[PDB]
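Participant: Structure file data-v2.txt (compact mmCIF, N, CA and C atoms) right here:
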# COMPACT_ATOMS: atom_id res chain seq x y z
N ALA A 1 -30.36 -54.40 8.16
CA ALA A 1 -30.01 -53.47 9.27
C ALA A 1 -31.28 -53.14 10.04
N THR A 2 -32.28 -52.59 9.34
CA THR A 2 -33.50 -52.25 9.96
C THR A 2 -33.34 -52.08 11.45
N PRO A 3 -34.05 -52.85 12.23
CA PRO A 3 -33.97 -52.78 13.72
C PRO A 3 -32.55 -52.99 14.25
N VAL A 4 -31.85 -53.96 13.68
CA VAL A 4 -30.48 -54.25 14.11
C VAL A 4 -29.58 -53.04 13.89
N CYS A 5 -29.69 -52.41 12.73
CA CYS A 5 -28.88 -51.24 12.42
C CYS A 5 -29.18 -50.12 13.39
N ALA A 6 -30.46 -49.94 13.72
CA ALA A 6 -30.86 -48.89 14.65
C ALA A 6 -30.25 -49.14 16.03
N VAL A 7 -30.21 -50.41 16.44
CA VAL A 7 -29.66 -50.77 17.73
C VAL A 7 -28.18 -50.41 17.80
N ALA A 8 -27.45 -50.74 16.73
CA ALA A 8 -26.02 -50.45 16.68
C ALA A 8 -25.77 -48.95 16.75
N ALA A 9 -26.60 -48.19 16.05
CA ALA A 9 -26.46 -46.74 16.03
C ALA A 9 -26.71 -46.16 17.43
N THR A 10 -27.68 -46.74 18.13
CA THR A 10 -28.00 -46.30 19.43
C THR A 10 -26.85 -46.56 20.38
N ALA A 11 -26.46 -47.83 20.47
CA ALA A 11 -25.36 -48.22 21.35
C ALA A 11 -24.06 -47.57 20.90
N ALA A 12 -23.86 -47.49 19.59
CA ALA A 12 -22.65 -46.89 19.05
C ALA A 12 -22.58 -45.41 19.41
N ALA A 13 -23.72 -44.74 19.37
CA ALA A 13 -23.78 -43.32 19.70
C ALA A 13 -23.40 -43.09 21.16
N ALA A 14 -23.83 -44.01 22.03
CA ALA A 14 -23.53 -43.90 23.45
C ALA A 14 -22.02 -43.99 23.68
N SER A 15 -21.36 -44.85 22.92
CA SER A 15 -19.96 -45.01 23.06
C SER A 15 -19.33 -43.74 23.60
N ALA A 16 -19.69 -42.62 22.98
CA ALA A 16 -19.16 -41.33 23.40
C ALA A 16 -20.09 -40.68 24.43
N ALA A 17 -21.36 -40.50 24.05
CA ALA A 17 -22.33 -39.88 24.94
C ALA A 17 -22.52 -40.72 26.20
N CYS A 18 -22.73 -42.02 26.02
CA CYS A 18 -22.92 -42.92 27.15
C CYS A 18 -21.68 -42.94 28.03
N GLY A 19 -20.51 -42.96 27.40
CA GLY A 19 -19.25 -42.98 28.14
C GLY A 19 -19.11 -41.73 29.00
N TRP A 20 -19.46 -40.58 28.43
CA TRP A 20 -19.37 -39.32 29.15
C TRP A 20 -20.31 -39.33 30.35
N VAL A 21 -21.50 -39.89 30.16
CA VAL A 21 -22.48 -39.96 31.23
C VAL A 21 -22.22 -41.16 32.13
N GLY A 22 -22.86 -41.18 33.29
CA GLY A 22 -22.69 -42.28 34.23
C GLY A 22 -21.50 -42.02 35.16
N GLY A 23 -21.02 -40.79 35.16
CA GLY A 23 -19.89 -40.42 36.01
C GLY A 23 -18.58 -40.51 35.24
N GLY A 24 -18.66 -40.96 33.99
CA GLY A 24 -17.47 -41.08 33.16
C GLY A 24 -16.83 -39.72 32.91
N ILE A 25 -17.67 -38.70 32.74
CA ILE A 25 -17.18 -37.35 32.49
C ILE A 25 -16.42 -36.83 33.70
N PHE A 26 -16.96 -37.09 34.89
CA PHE A 26 -16.32 -36.65 36.12
C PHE A 26 -14.97 -37.33 36.30
N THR A 27 -14.88 -38.58 35.87
CA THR A 27 -13.63 -39.32 35.99
C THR A 27 -12.52 -38.65 35.18
N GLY A 28 -12.83 -38.32 33.93
CA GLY A 28 -11.85 -37.67 33.06
C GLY A 28 -11.57 -36.25 33.54
N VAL A 29 -12.63 -35.52 33.88
CA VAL A 29 -12.48 -34.15 34.36
C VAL A 29 -11.77 -34.13 35.71
N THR A 30 -12.17 -35.03 36.59
CA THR A 30 -11.59 -35.11 37.88
C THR A 30 -10.17 -35.63 37.79
N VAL A 31 -9.98 -36.64 36.95
CA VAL A 31 -8.66 -37.23 36.77
C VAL A 31 -7.72 -36.25 36.08
N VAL A 32 -8.22 -35.60 35.03
CA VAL A 32 -7.41 -34.65 34.29
C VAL A 32 -6.99 -33.48 35.18
N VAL A 33 -7.96 -32.87 35.84
CA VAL A 33 -7.68 -31.74 36.72
C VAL A 33 -6.55 -32.08 37.66
N UNK A 34 -6.75 -33.09 38.48
CA UNK A 34 -5.71 -33.51 39.40
C UNK A 34 -4.38 -33.54 38.64
N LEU A 35 -4.12 -34.66 37.97
CA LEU A 35 -2.89 -34.80 37.21
C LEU A 35 -2.54 -33.50 36.50
N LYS A 36 -3.56 -32.74 36.10
CA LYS A 36 -3.35 -31.47 35.42
C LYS A 36 -2.68 -30.46 36.35
N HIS A 37 -3.14 -30.41 37.59
CA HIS A 37 -2.59 -29.47 38.56
C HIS A 37 -2.13 -30.18 39.83
N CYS A 38 -2.90 -31.18 40.26
CA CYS A 38 -2.58 -31.93 41.46
C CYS A 38 -1.07 -31.99 41.66
Show this structure as structure tokens.

Facilitator:
Amino acid sequence: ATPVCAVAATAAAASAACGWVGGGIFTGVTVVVXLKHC
């Protein structure tokens, strides 16, 4: 695992954090709000 394991943990961690960032959070928040009330 060493370096390889660390890489997976990094990319794997982003799965959620990375997904939320990059405008992903706005998409869900913006999308949810609308459909939520829109």

Participant: Just the number, please: distance in Å from atom C of residue A:13 to atom C of residue A:25, one decimal.

Facilitator: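 According to the coordinates, atom C of residue A:13 and atom C of residue A:25 are separated by 15.7 Å.
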
Participant: What does the structure give for the distance between atom C of residue A:20 and atom C of residue A:4, in Å to one decimal?

Facilitator: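 Value for the atom C of residue A:20-atom C of residue A:4 distance: 23.3 Å.
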
Participant: Quote the spacing between atom N of residue A:34 and atom N of residue A:19 in Å to one decimal place.

Facilitator: 20.2 Å
